[PDB]
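Participant: Per the authors' numbering, the very first residue in the sequence shown carries number 125; after that it's consecutive.
Quick reminder that beta carbons are idealized off the backbone N, C-alpha and C, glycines included.
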Amino acid sequence: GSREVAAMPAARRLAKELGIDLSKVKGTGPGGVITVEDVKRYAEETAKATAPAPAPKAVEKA
């Protein structure tokens, strides 16, 4: 709807999914619009893993 600033289509999606406020994201797109990079960046910086510490890399153990 009629929100503030400008956001990217994919960005707004991740905002609705992750519950991110694009109105507070750093706009770095068309004219100064928040892009998915900004959303994914802010969302991860605001709340990416506030509980799960163990984060493996190689897939060997089951």
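Along the chain, where does the alpha helix (DSSP H) that runs through residue 141 open and close?
Facilitator: Position 17 of the sequence shown, counted from the start, is the residue given in the question as residue 141. Residue 141 -> alpha helix (DSSP H) spans 133 to 142.
Participant: Would residue 174 be called buried (16 or more neighbouring beta carbons within 10 Å of its own) or exposed?
Facilitator: Residue 174 sits at position 50 when you count from the first residue of the sequence shown. Exposed is the call here.
Participant: Just curious, the alpha helix (DSSP H) that residue 163 is in, first and last residue?
Facilitator: Taking the first residue of the sequence shown as position 1, residue 163 is located at position 39. 160 to 171 is the span of the alpha helix (DSSP H), which, as asked, contains residue 163.
Participant: Measuring CB to CB, does residue 142 end up less than 8 angstroms from residue 179?
Facilitator: The count along the sequence shown starts at 1 and reaches residue 142 at position 18. The count along the sequence shown starts at 1 and reaches residue 179 at position 55. No, they are not a contact pair.
Participant: With 16 other CB atoms within 10 Å as the buried threshold, where does residue 152 fall?
Facilitator: As a position in the sequence shown, residue 152 is number 28, starting the count at 1. Flag for residue 152 reads exposed.
Participant: Taking 8 angstroms as the threshold (C-beta atoms), are residue 135 and residue 160 in contact?
Facilitator: Within the sequence shown, residue 160 is the residue found at index 36, counting from 1. Within the sequence shown, residue 135 is the residue found at index 11, counting from 1. Their beta carbons are under 8 angstroms apart, which means residue 160 touches residue 135 by this criterion.
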